[PDB]
Each structure stands twice: as structure tokens, then as C-alpha cells.
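Notes for the one structure printed next.
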Amino acid sequence: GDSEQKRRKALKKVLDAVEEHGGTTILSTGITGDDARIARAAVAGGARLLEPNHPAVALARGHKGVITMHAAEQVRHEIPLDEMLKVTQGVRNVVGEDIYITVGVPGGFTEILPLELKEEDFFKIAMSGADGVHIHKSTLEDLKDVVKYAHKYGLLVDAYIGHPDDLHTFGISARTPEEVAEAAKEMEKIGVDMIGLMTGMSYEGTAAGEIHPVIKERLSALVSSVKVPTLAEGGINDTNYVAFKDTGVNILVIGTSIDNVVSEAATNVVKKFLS
Amino acid sequence: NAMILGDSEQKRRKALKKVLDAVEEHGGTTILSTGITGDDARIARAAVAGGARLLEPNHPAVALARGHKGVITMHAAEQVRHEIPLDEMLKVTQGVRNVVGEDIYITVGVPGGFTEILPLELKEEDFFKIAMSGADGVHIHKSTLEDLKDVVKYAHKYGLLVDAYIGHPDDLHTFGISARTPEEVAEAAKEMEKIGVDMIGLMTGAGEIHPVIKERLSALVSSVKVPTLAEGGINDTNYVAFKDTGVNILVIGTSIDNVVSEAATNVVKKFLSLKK
Ligand SMILES: [Mg+2]
Ligand SMILES: [Mg+2]
Ligand SMILES: [Mg+2]
């Protein structure tokens with residue numbers, strides 16, 4: 001069908017990028033996800049997968065004066081779905097059909113206020129040009145509902161595993177490496193198209209250039225448990241990128257580190273013009 | 001203007017003080033930071049952290065930010081800029097205002113504020129909306145003194161400052177009051193100043209400025225008492241030469257946009273090339 005051919009083309013984009021980049025590619029997010037100028041710039045640097053999302057758009061629009069990612073996360077559900085549809089379509093307009101776009105929308109994460117996505121909304125997301133939805137729901141039953149509607153409208157789902165003690169949940173809870181593997185396998189059976197692990201916790205005593213052994217072991221459990229493409233999201237920067245890649249995970253979700261470099265470039269050029 | 005004479009006057013006085021404070025803070029010449037630094041709140045904050053005190057969100061830049069009709073150059077964006085709803089510029093202005101606070105100066109380019117290719121003018125209510133969205137000023141590229149008169153009337157009523165521009169009759173696209181000779185630049189500037197235009201700019205698009213441009217800028221600089229601007233073609237190779245004319249404000253967009261884009265390209269390239 002039409003949904004079917006669409007999803008097959010979309011997965012090929014992801015598989016091609018993984019291959020092109022030697023087994024690990026990047027899901028470029030933050031400002032590269034929502035601003036059409038910077039999305040194009042990211043693609044010019046080799047990015048093949050982009051992720052516009054609602055907290056980043058809150059930051060871009062100065063929603064409620066938020067100036068940190070953390071503050072933006074707390075108001076992300078206030079960004080209307082229509083705004084994400086406009087952003088997604090705008091980015092698609094400029095990067096063309098070969099780039100992969102997965103969108104974070106209000107109601108697509110575990111929100112702090114219960115926004116329910118309706119079937120209608122998945123149709124709208126597909127009509128806006130997204131290839132997928134970036135999902136941080138925190139129960140398997142919620143993921144089943146998301147997968148059903150996403151697949152109906154020709155969208156792929158990338159969804160995540162987190163830790164039960166996370167202050168703000170960003171996925172299916174897994175306390176131990178064994179539970180990470182079990183959660184990944186269940187998510188694969190449900191039909192989640194790409195499965196990731198939240199890896200952003202900062203540990204005391206992490207050796208320079210390395211990832212903390214707790215995270216590495218959790219990632220290993222994900223990487224070796226499923227056949228679908230795997231992701232790591234959170235805490236990835238240029239000092240530990242290779243350490244993340246060494247785990248064999250297929251996609252590194254990178255936003256903050258890129259935001260920081262782009263922001264600093266702007267600060268420095270203004271500083272130069274003024275001096 | 002019934003009941004809001006003092007309200008508007010105070011607002012305009014505080015806004016101009018932001019500009020004059022920036023000019024002195026920066027040694028006699030400051031910048032009006034535009035392009036992505038004008039419309040994206042993350043990058044506006046980054047610009048302010050680098051020392052920027054004046055920002056300019058504008059509709060062609062927002063068209064590019066939104067990928068409107070797939071435009072990927074500012075040239076193409078200028079051609080569809082009138083399709084960006086005023087409401088979107090109001091949202092952008094308020095959003096940047098939210099993050100930079102009350103001390104930063106913001107002047108906004110809006111549909112109908114430039115010389116649009118379709119009949120499109122700002123109504124009185126539009127200036128009210130612009131003031132309500134947190135703008136200090138409107139960034140105006142109108143082609144007749146008559147048009148500026150109506151803009152100044154409504155802008156000032158609602159406590160907004162006007163920065164408006166002088167162009168050349170030979171310009172491919174109209175961005176201001178036509179002035180052929182440096183003497184006419186000075187004449188135009190004086191007339192605009194009399195009309196009430198608050199800041200007056202000249203379109204200026206090796207490390208030297210073209211002699212013709214330099215003569216026009218010098219004419220502008222010595223013709224009026226209000227803050228003066230130069231807009232167009234300002235980059236790292238010639239910005240000192242622009243400063244040396246004594247013009248108060250350099251409007252810089254493209255050069256900053258390019259550096260910011262290149263930074264994004266390079267950081268992505270860097271990640272993809274990291275080796276053990
Ligand atoms: Mg995410
Ligand atoms: Mg594999
Ligand atoms: Mg301008």
C-alpha cells in the first residue's frame with residue numbers, strides 16, 4: 001500500500017546513513033532540527049537524519065522566556081502541534097526527500113500534562129512531511145497505541161528506554177542491563193522501528209574520553225538484543241563520541257553539543273565585529 | 001494623541017537611550033545584529049552574549065528560517081517576504097524580547113514595512129500590535145517621503161522608533177528614499193529627520209569601501225543629529241573602514257549568518273570524521 005511503500009523508503013534512508021557512516025551515524029537535533037537555515041547547514045556537513053522537537057522549538061521561540069534546555073523541557077507541551085507541523089514541513093521543503101526527519105511533538109513524549117494524540121494527529125504529521133515520530137512514552141501500552149497510528153499513516157517510530165529513577169521519564173524503564181535487553185526485545189516485538197537508550201547521565205569519576213561503565217554496559221545490552229537500528233540519546237559530545245561509537249550503537253542523537261558550538265560561533269563573531 | 005502622549009514619549013525616550021548607550025559602550029559605532037541573530041531566540045541570546053545591544057528580526061530572514069516555499073537564499077526569501085503574516089513577526093519579536101529582556105533594542109522588519117511587490121501597507125492597528133509585541137522600533141524600507149510620514153505618524157503614536165533608509169535610483173530593488181548624489185543623500189537625511197525619522201540609514205551594498213559608498217556615508221554622517229546606520233555588504237574585511245566613516249550603527253546579517261551556518265556544517269563534519 002501507500003503507507004507501506006512510504007515506510008520502506010524511510011527505513012532505507014536510515015539504513016543507508018548507517019552504512020555510509022561506517023555503522024554509526026548521527027540523528028542531528030537541537031537547532032539543526034528546527035531551523036531551516038541550520039538544518040541545511042547540518043546536511044551540508046553530512047547529516048542524513050534530522051530531529052525537530054518541541055523543547056528545541058520552545059527555545060527557538062523564546063517561549064515563556066526559557067533559556068535552557070531544562071527549562072524548555074518543562075514547557076514543551078505548551079508548543080502547539082501545528083507549530084511542529086510547520087517546522088517539519090519547512091525543514092522538508094529545504095532538505096528535500098532524501099533526508100530522514102523524525103519529529104518530537106507535544107504528546108509524543110511522556111508529558112507533564114496529559115496531552116492525548118489522536119489518530120488525526122498522526123495523519124497531520126505524515127502530511128507535514130515527517131518520516132517518523134521521536135517517541136519518549138514510558139509504558140509499553142502507550143507505545144503500542146503510538147506504533148499502531150504511526151504505522152497506519154506511513155511513519156516510523158524511534159522510541160527509547162530509560163531508568164525507573166529518572167526524575168523526568170523519557171522512556172520504557174529498565175533498572176538493569178538485563179531489563180534493558182528485555183525492554184528492547186518487547187519494543188521490537190511491538191513493532192518499534194528503531195530503539196534507543198537514554199545515555200545522558202553524568203557520572204562522577206568518568207575517565208576522560210570514555211563513557212561511564214554503567215552506561216556502556218546498558219548500551220551493550222541494547223545493542224546486542226535487537227535487530228532494528230539502535231540509538232543512544234543524551235550526553236554525547238566530541239570527547240566521548242568515539243567511545244559511544246565503539247559500542248556499536250547505530251545512531252547517536254546529538255543536539256546540545258551542536259547547539260553549544262553554533263551558539264558560541266555566533267557569540268564569537270559578534271565579539272569580533274565589536275572589538 | 002489622546003491620553004497616551006506621555007506614555008509614548010517615555011517609551012520612545014527609553015528606547016533611544018538604549019541605542020545611544022550602545023553607541024558609546026562600543027566606542028562610537030555599534031552593530032544592528034540581524035539575520036538569524038534577529039529571529040531565533042537561541043542565537044539572539046548568543047549575539048547579546050557577544051556584546052550585541054541592537055537586534056533586528058525581519059520577514060525575509062523568518063521566511064528562510066521557516067523554509068517558506070523552500071527558499072534557501074536571502075535573494076529568494078526577499079521575493080516571498082510579503083507572504084509571511086504579520087502575526088508571525090509579532091510572535092518572533094515577543095519571543096526574542098522574552099529571552100533578551102528590556103535592556104536590548106529590537107527593531108522589526110515586517111510585511112508592509114518594506115516596499116512590497118504587492119500592495120501591502122501597515123494600518124494604524126498594525127503599529128499598535130507591533131508595540132504590544134515588545135518591539136522598540138520598526139525597520140523601514142519605503143521609497144517615498146510621503147510613505148515615511150504615515151509610518152512615523154503611527155509608529156510614534158504607539159511609542160515606536162523608526163529606522164528608515166536612503167537608497168540610490170539605480171538600485172535593482174528599492175530599499176529606501178532615492179538619492180543619487182552625496183548632496184542628495186544629505187538632503188534626504190535632513191528631510192527624513194524633519195519628518196521625525198528617529199534613525200537614518202544608507203544602503204551600502206581590499207579592506208576598503210568603494211569611494212562612491214564612502215562619499216555617500218560621509219554625507220549622511222554629517223547631515224543629521226540622529227543616529228546613523230549603514231546597511232549592506234558589511235563583512236569582516238571592511239567593517240573597520242565602515243566604522244571610520246563615523247556612522248553610528250552597522251547593520252550586519254549575512255556575514256554573521258554565514259559564520260553561524262559554517263559552524264554547524266563544520267561541527268557535524270567534525271563528529272562524522274572523529275577517529276579512535
Ligand atoms: Mg529525544
Ligand atoms: Mg546492525
Ligand atoms: Mg534592512
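When a ligand or atom number is given, it counts from 1 through the structure's own listing order. Per chain, numbering begins at 1; letters A, B, ... match sequence-line order.
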Could you go through the salt bridge (charged side-chain N to carboxylate O under 4.0 Å, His left out) check for A:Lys189 and A:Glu186 one step at a time? CA-CA 5 Å; A:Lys189 290 185 177 122; A:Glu186 284 310 305; 3.4 Å; yes
- Can you check side chain to side chain donor-acceptor pair (under 3.5 Å) on A:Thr169 and A:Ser138, steps first, answer last? CA-CA 7 Å; A:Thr169 193; A:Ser138 57; 4.5 Å; no
Could you label the plane-to-plane angle of the A:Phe122 and A:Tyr149 rings as parallel, tilted or perpendicular, counting under 30° as parallel and over 60° as perpendicular?
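Tilted, since the angle between the ring planes falls between 30° and 60°.
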task = Quick one: give me the number of protein N/O/S atoms under 2.8 Å from the Mg ion (ligand 1).
result =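 Excluding waters, the total comes to 4.
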Practice task
Report yes or no: does A:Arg48 contribute a side-chain atom to a donor-acceptor pair with the main-chain N or O of A:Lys13 at less than 3.5 Å?
Solution key: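 No, the answer is negative, given that no donor and acceptor are paired below the 3.5 Å cut-off.
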Salt bridge flag under 4.0 Å for residues B:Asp39 and A:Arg37: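 Looking at A:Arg37 together with B:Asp39, the answer is yes, because their closest N to O distance falls below 4.0 Å.
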Using 0.5 Å steps for rounding, measure from the CE atom of A:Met194 to the CG atom of A:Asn250.
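Output value for this atom pair is 9.5 Å.
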